[PDB]
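Visitor:
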Amino acid sequence: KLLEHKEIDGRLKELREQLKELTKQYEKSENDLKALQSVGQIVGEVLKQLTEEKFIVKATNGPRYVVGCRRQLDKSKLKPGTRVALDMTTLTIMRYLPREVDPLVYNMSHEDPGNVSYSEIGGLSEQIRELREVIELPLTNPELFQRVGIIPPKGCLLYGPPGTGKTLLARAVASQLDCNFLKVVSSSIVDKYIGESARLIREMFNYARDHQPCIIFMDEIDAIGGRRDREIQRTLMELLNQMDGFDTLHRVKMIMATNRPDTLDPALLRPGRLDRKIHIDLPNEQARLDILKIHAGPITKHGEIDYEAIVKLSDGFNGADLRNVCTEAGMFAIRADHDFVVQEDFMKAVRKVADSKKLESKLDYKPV
Amino acid sequence: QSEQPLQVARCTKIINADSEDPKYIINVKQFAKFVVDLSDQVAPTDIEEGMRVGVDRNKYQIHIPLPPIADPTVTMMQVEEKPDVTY
Amino acid sequence: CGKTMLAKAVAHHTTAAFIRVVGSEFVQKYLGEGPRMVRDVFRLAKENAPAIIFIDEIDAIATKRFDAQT
Amino acid sequence: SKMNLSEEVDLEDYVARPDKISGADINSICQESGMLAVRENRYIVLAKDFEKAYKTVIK
Amino acid sequence: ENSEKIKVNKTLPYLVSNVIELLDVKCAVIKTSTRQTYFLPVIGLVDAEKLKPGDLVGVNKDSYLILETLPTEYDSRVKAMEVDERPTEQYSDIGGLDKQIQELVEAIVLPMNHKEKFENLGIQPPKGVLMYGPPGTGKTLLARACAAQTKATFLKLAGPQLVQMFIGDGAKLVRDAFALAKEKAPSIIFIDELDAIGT
Amino acid sequence: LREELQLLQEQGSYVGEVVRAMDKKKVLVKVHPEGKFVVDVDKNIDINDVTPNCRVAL
Amino acid sequence: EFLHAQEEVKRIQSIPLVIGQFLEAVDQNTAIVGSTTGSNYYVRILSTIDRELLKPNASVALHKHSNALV
Ligand SMILES: Nc1ncnc2c1ncn2[C@@H]1O[C@H](COP(=O)(O)OP(=O)(O)OP(=O)(O)O)[C@@H](O)[C@H]1O
Ligand SMILES: Nc1ncnc2c1ncn2[C@@H]1O[C@H](COP(=O)(O)OP(=O)(O)O)[C@@H](O)[C@H]1O
Ligand SMILES: Nc1ncnc2c1ncn2[C@@H]1O[C@H](COP(=O)(O)OP(=O)(O)O)[C@@H](O)[C@H]1O
Ligand SMILES: [Mg+2]
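Written as structure tokens, this is what we have:
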């Protein structure tokens, strides 16, 4: 006799779920419709005040006007140059805005490094720790700098041989700090129209200034950082004087990477900026073992694998190479249909990485 | 007093959600770019990428695909007919 | 070598008006405004009463003139 | 004059040292000696920290 | 009636514009193709997650409200490198380089068609493969055959095509090409004559 | 003051320059931002007084 | 009536005004001005605008529609 107890009960449950989805339809079709009765406010930038109710605004590439406060805008929160939005009809300032713009700087601030940790670094110890001395302590604990009586350092340069986790240490630092981050490709900085490189760096550094605490990181700074076509040099100047000269208060630190520290313009290498230079050497045999074990856990490694043979065969390998080894080992595994990897697969991978290394032979690299 | 003059813009990117309400992109040089559609007197059978299109003054709906241009310098490489040369 | 240090020192300590625009900042896509913005900075300096214009890294935009082939 | 420092330190030793180093180098070396003291978790800075920073700076 | 008002007030022709970031005091910034700039307190007929601050969007000509998000296009060259021309070269038709073909296939094809063996082993499959050897051996043919048999998206380009004159245009081209490859997801980029730019 | 208000109701009519009096009541002029046009003159219509490049108010 | 008229003239120079550049004085009551919109206009001078402040470099404010100098 459950038919009458359950049929209309399920009917009401289903109809209430349908009502809940149709309420979402109603709220969306009403909310966007009452959003339809709106007009885009003009975007522009203010100049000197004249009175408490008279302000000059440049309306972007259009003309410039004088206008007044709507009712609810703090006059003191307006400064010459602050970004504002105005009524289309009367041009009176509808709202102030967070200063400055640019999708490119967003793209420089919204790329994720992935999940990394300092333990997931190949035992660069000192190096890593030094980079924490120059960044972690200044941001989290400036009180110790104040008590000692020293100014926190601004920046560090990663250098040394390639493939030594050049980006990896920065990825770790970014993933282990809750602060605004700006990765930029140095070559991606420069653009043709003359002065867009300088203005783009300007906007980037204003972004960092207005989003403290921030970490700006340039990879491959030698793209434009070399000693002094000439537009590259002027871009270097823009960096070179933005990087100190107007003030120093910043809760903002710059990390730089280079595959050629020697060619870097001496002006950059100046101790006041570039506060430290961290050499990330070719990984040692013990360091190579450390890296191996760091890239070993997640593998479906099987039986027992004697890493020291890999180490003493992988002498002179860049840390990165080690990753290859592991991947190639799985290749042998997929060529053996194993759900596992054995010691001799690692031996084969090491010997093939050695085979590749001769083509990959080391550059004509000169460190400082 | 009857016929509307047509402004000239370049075409792009038939939006083509399902090929019966296609819509298009147009570029009025130095002025703007718009999403537009066709006036039903013309059909997508005559519209492609670029295609040199012409629209009206206010609603900018596609009224005509305009003929090709002699700019691409192909004209100065042309002989265009049987040369005055024999074997 | 410790000169922009002195630049910021005089900028802060001065009683007269002071403007700080680096030389490299003087650039543009849109051709021609370079000279005008330079002249705008200088005229603004004049109207601002006795003032000191500071320009850093002028070497970027003050290299010895040469055949401007581009 | 800004830092805590110790009586033992011979600044004149680093003064007479022939190396040509900018005032930038000097601010950096004071900063690095302070950071060495912080690593030891002390606010006083010792001459050994100055030595370590001095070889840290220059090259 | 809400839907039919909204439909009859799409107005059909509308401007295009470039997206600029959002704010909470939800409300976004826009730059027109007329190089005018506007702020929308309400974005409009697209939800927040359709947006990327840098996207190309169709906006109301009069009220400037966002009403559509659009495919971007990428320069024109990069918009020319996508190979939907679909090569048809077959591995059986390769002249005896089978010992190499497998080395490429397990490095490329199965990273698409399985992706599960490598993560079953818990490792990332190979990401970069360099064909190398003197000319006239089959590198381009092998790349085109792999483009053929996979049914994936093929992005062929030559290194010399990126020796472009303008100061930064090559970097922009490379970035846009990789962005297009990401947008096309199971896609294979081919860099013929990397030496021309890998100097 | 009344006529002041009333004269504050028309518009600037921009600026142009005469180049040829191709015909009476039909002057060729060149405007500041835009190009060239055929333009007539007010009831004073002293066209022959107008030398080219004189710069005029429309 | 005079007070009504003068409150009207003051209402003219209220707030929603464009910016331009004073170019030259056509007559004692009218002048050529250069708007930041790009176009230049033959524009009435507002009588209260007291003349010695004017020079060809004097930035000025115009009524939005009549473009009158205010
Ligand atoms: N005599 C000094 N006393 C104190 N600090 C000094 C001295 N000389 C240099 N410094 C420190 O080193 C820095 C030297 O840099 P400087 O003032 O020349 O500016 P800069 O921006 O590095 O120069 P440039 O424009 O040449 O690149 C100072 O900012 C200061 O912190
Ligand atoms: N010391 C290390 N510890 C762990 N991984 C490393 C180390 N050195 C290199 N790698 C590997 O190298 C890769 C990145 O190398 P990296 O030098 O950052 O590239 P780039 O030279 O482009 O910055 C990572 O996948 C990482 O696994
Ligand atoms: N074994 C082969 N079987 C069939 N065709 C081949 C073979 N080897 C080479 N070819 C042809 O010759 C070309 C090899 O040169 P390619 O790989 O294009 O490099 P490059 O452009 O430097 O010569 C291929 O495009 C292919 O068409
Ligand atoms: Mg200096």
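Chains as they are written, first to last, in PDB author numbering: chain C, 15 to 242, 250 to 389; chain Y, 88 to 174; chain V, 210 to 279; chain S, 350 to 408; chain A, 75 to 99, 120 to 293; chain E, 59 to 116; chain F, 71 to 140.
C-beta atoms are modelled at their ideal positions from N, C-alpha and C, and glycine is treated no differently.
#1: Please indicate yes or no: does the CB of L145(C) lie closer than 7 angstroms to some heavy atom of ligand 2?
#2: Please classify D88(C) as buried or exposed, where buried requires at least 16 neighbouring CB atoms within 10 angstroms.
#3: Indicate whether at least one CB of chain D lies closer than 8 angstroms to the CB of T131(A).
#4: Is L261(C) close to chain V, meaning its C-beta is less than 8 angstroms from at least one C-beta of that chain?
#5: Per the DSSP calculation, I331(C) is bridged to which residue(s)?
#6: Under a Cβ-count criterion, where at least 16 other Cβ atoms within 10 Å of its own Cβ denotes burial, should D233(C) be classed as buried or exposed?
#7: Counting only C-beta atoms, is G293(C) closer than 8 angstroms to chain S at any point?
#8: Does any C-beta atom of chain C lie closer than 8 angstroms to the C-beta of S377(S)?
#9: Between the C-alpha atoms of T126(A) and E114(C), what's the straight-line distance to the nearest angstrom?
#10: In the DSSP assignment, find the unbroken beta strand (DSSP E) run with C98(Y) in it and report its ends.
#11: Show which residues of chain C have a CB atom less than 8 angstroms away from the CB atom of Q237(V).
#12: Taking DSSP's pairing of strands, which residues face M232(C) in a bridge?
#13: Under 7 angstroms: does the beta carbon of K212(V) sit that close to some heavy atom of ligand 1?
#14: Determine whether the beta carbon atoms of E306(C) and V346(C) lie at a separation below 8 angstroms.
#15: Going by beta-carbon coordinates alone, are residue 246(C) and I301(C) separated by less than 8 angstroms?
#16: Establish whether the CB of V88(F) and some CB of chain E are separated by less than 8 angstroms.
#17: When you measure from the CB of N137(F) to every non-hydrogen atom of ligand 1, does any distance come out below 7 angstroms?
#18: Say whether chain C places a C-beta atom closer than 8 angstroms to the C-beta of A271(V).
#19: What ranges does the beta strand (DSSP E) occupy inside the stretch 103-151 of chain Y, keeping only unbroken runs of at least 3 residues that lie completely in it?
#20: Just the Cα atoms here: how many angstroms apart are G152(A) and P92(Y)?
#21: Locate the alpha helix (DSSP H) running through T279(V), then write down its first and last residues.
#22: Taking just the CA atoms, how far does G209(C) sit from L240(V)?
#23: Taking all protein chains shown into account, decide if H133(F) is buried (16 or more other Cβ within 10 angstroms of its Cβ) or exposed.
#24: Closer than 7 angstroms to a non-hydrogen atom of ligand 6 - does that hold for the CB of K314(C)?
#25: According to DSSP, simplified to helix, strand and coil, what is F235(V)?
#26: Need the endpoints of the beta strand (DSSP E) that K250(A) sits in, please.
#27: Write down every uninterrupted run of the alpha helix (DSSP H) in the stretch 277-331 of chain C whose length is 4 residues or greater and which is fully enclosed by it, in chain order.
#28: Assign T348(C) to buried or exposed, taking buried as 16 or more other Cβ atoms, counted over all protein chains shown, within 10 Å of its Cβ.
#29: Can you name the start and end residues of the beta strand (DSSP E) that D286(A) belongs to?
#30: How about the stretch 74-87 of chain F and the stretch 95-103 of chain F: do they share at least three Cβ pairs that are nearer than 8 angstroms?
#31: Whose Cβ in chain V lies nearer than 8 angstroms to the Cβ of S371(S)?
#32: Can you find a heavy atom of ligand 1 that lies under 7 angstroms from the Cβ of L145(A)?
#33: Determine whether the beta carbon atoms of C193(C) and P156(C) lie at a separation below 8 angstroms.
#34: Using a C-beta cutoff of 8 angstroms, does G163(C) count as contacting chain S?
#35: Closer than 8 angstroms, Cβ to Cβ, to anything on chain F: give me those residues from the stretch 63-78 of chain C, in chain order.
#36: Mapping DSSP to helix, strand and coil, what is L235(A)?
Guide: By the coordinates alone:
#1: No, the beta carbon of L145(C) sits no closer than 7 angstroms to any heavy atom of ligand 2.
#2: Using a 10 angstroms sphere on the CB of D88(C), the tally of other CB atoms stays under 16, which defines it as exposed.
#3: Of the protein chains in this structure, namely C, Y, V, S, A, E and F, none is chain D.
#4: So yes, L261(C) belongs to the interface.
#5: According to DSSP, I331(C) bridges with nothing at all.
#6: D233(C) should be labelled buried.
#7: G293(C) counts as touching chain S.
#8: Cβ-Cβ to chain C under 8 angstroms: yes for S377(S).
#9: Counting only the Cα atoms, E114(C) lies some 17 angstroms from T126(A).
#10: From DSSP, the beta strand (DSSP E) with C98(Y) extends over 94-99.
#11: Correct list: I208, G209.
#12: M232(C) pairs with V198(C), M277(C).
#13: Yes, the Cβ of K212(V) comes within 7 angstroms of a heavy atom of ligand 1.
#14: No, the pair does not count as a contact, with Cβ atoms beyond the cut-off.
#15: The gap in chain C between 242 and 250 takes in residue 246(C), so it carries no coordinates here.
#16: The C-beta of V88(F) comes no closer than 8 angstroms to any C-beta of chain E.
#17: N137(F) Cβ: outside cutoff for every heavy atom of ligand 1.
#18: No, because no Cβ of chain C sits closer than 8 angstroms to the Cβ of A271(V).
#19: If one requires a minimum length of 3 residues, the beta strand (DSSP E) runs lying completely within the stretch 103-151 of chain Y are 111-115, 119-123, 140-142, in chain order.
#20: The straight-line gap from Cα to Cα measures roughly 25 angstroms.
#21: Note, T279(V): premise wrong, no alpha helix (DSSP H); not H, not E.
#22: Approximately 11 angstroms, taken between the alpha carbons.
#23: Looking at its Cβ environment, which holds 16 or more other Cβ atoms inside 10 Å, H133(F) is buried.
#24: In the structure shown, ligand 6 is absent; the only ligands present are ligand 1, ligand 2, ligand 3 and ligand 4.
#25: DSSP places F235(V) in coil when its eight states are reduced to three.
#26: Its beta strand (DSSP E) spans residues 247-252.
#27: DSSP runs (the alpha helix (DSSP H)) wholly in the stretch 277-331 of chain C: 287-290, 306-315.
#28: Classified as buried, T348(C) has 16 or more neighbouring CB atoms from the shown chains inside 10 Å of its CB.
#29: For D286(A), the enclosing beta strand (DSSP E) has its first and last residue at 281-286.
#30: Output reads no: the stretch 95-103 of chain F does not touch the stretch 74-87 of chain F.
#31: Among the residues of chain V, those whose CB is under 8 angstroms from the CB of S371(S) are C210, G211, following chain order.
#32: Answer for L145(A): no, Cβ out of range of ligand 1.
#33: Here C193(C) is not near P156(C), since their CB atoms are 8 angstroms or more apart.
#34: Yes, because at least one Cβ of chain S sits closer than 8 angstroms to the Cβ of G163(C).
#35: Using a CB distance below 8 angstroms, the part of the stretch 63-78 of chain C facing chain F consists of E67, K68, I70, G76, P77, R78, ordered along the chain.
#36: Here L235(A) sits in helix by DSSP.
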